[PDB]
Amino acid sequence: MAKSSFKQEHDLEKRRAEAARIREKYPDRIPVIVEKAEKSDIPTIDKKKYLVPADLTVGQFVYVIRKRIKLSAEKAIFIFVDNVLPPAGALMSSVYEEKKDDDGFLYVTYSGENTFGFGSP
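Residue numbering for the sequence shown follows our numbering, beginning at 1222 and increasing consecutively.
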């Protein structure tokens, strides 16, 4: 209902392994799986999945998306997961190991705001 991707393509072995493999490896980079929300209207960003360092926060991950993906000036991005709205400033890292975790891999879903929805080509 909230996100849509991994639920269609399950592969814990991959998530679990890559998760513990990285935390054991050294980089300790936050595995972020960006996915388009159901009511998402912010298309352009190559979401899919990619490992992002834990040396940053939630809003930093947002800063990663940097709302430069055909986004508007005064506007920005917004993430929804499991019907939530992360602290966007906390710390995807600590957070990853303090509240939200499934194995070590982090799954997120992006969504925009009053970005694009007027006239399409």
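Idealized CB from N, CA, C, for every residue including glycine.
Terminal residues of the beta strand (DSSP E) in which residue i lies
i: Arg-1250; result: 1250-1254
Span separating the alpha-carbon of residue i from that of residue j
i: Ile-1243; j: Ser-1261; result: 30 Å
i: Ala-1223; j: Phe-1299; result: 13 Å
i: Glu-1259; j: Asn-1304; result: 11 Å
i: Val-1329; j: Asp-1249; result: 18 Å
i: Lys-1288; j: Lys-1296; result: 8 Å
i: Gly-1340; j: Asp-1323; result: 40 Å
i: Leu-1312; j: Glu-1245; result: 20 Å
i: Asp-1232; j: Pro-1342; result: 37 Å
i: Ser-1314; j: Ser-1225; result: 23 Å
i: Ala-1294; j: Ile-1266; result: 16 Å
i: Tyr-1284; j: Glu-1230; result: 27 Å
i: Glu-1319; j: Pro-1307; result: 13 Å
Which listed residue (the options) has its alpha carbon closest to that of residue i
i: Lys-1270; options: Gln-1229, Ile-1254, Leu-1277; result: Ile-1254
i: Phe-1301; options: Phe-1282, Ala-1275, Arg-1289, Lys-1291; result: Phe-1282
i: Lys-1228; options: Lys-1257, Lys-1246, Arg-1250, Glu-1245; result: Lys-1257
i: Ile-1286; options: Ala-1311, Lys-1268, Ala-1294; result: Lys-1268
i: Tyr-1247; options: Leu-1306, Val-1316, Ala-1275; result: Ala-1275
i: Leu-1272; options: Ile-1290, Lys-1235, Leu-1306, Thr-1265; result: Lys-1235
i: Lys-1291; options: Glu-1318, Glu-1334, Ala-1311, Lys-1321; result: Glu-1334
i: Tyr-1317; options: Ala-1294, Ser-1293, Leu-1277; result: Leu-1277
Whole-angstrom C-beta distance between residue j and residue i, which should lie under 8 Å
i: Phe-1326; j: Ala-1240; result: 4 Å
i: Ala-1238; j: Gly-1280; result: That pair is no contact at about 29 Å.
i: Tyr-1331; j: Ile-1251; result: Between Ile-1251 and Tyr-1331 the Cβ distance is about 15 Å, and since that is not below 8 Å, they are no contact.
heavy atom of the ligand GDP below 6 Å from residue i C-beta
i: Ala-1311; result: No copy of the ligand GDP appears in this structure; indeed no ligand is present at all.
Residue interval of the alpha helix (DSSP H) (run including residue i)
i: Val-1316; result: 1313-1319
> Which ranges does the beta strand (DSSP E) cover as unbroken runs of at least 3 residues, wholly within the region 1223-1292, from first to last along the chain?
Replying inline: The qualifying runs are 1250-1254, 1271-1274.
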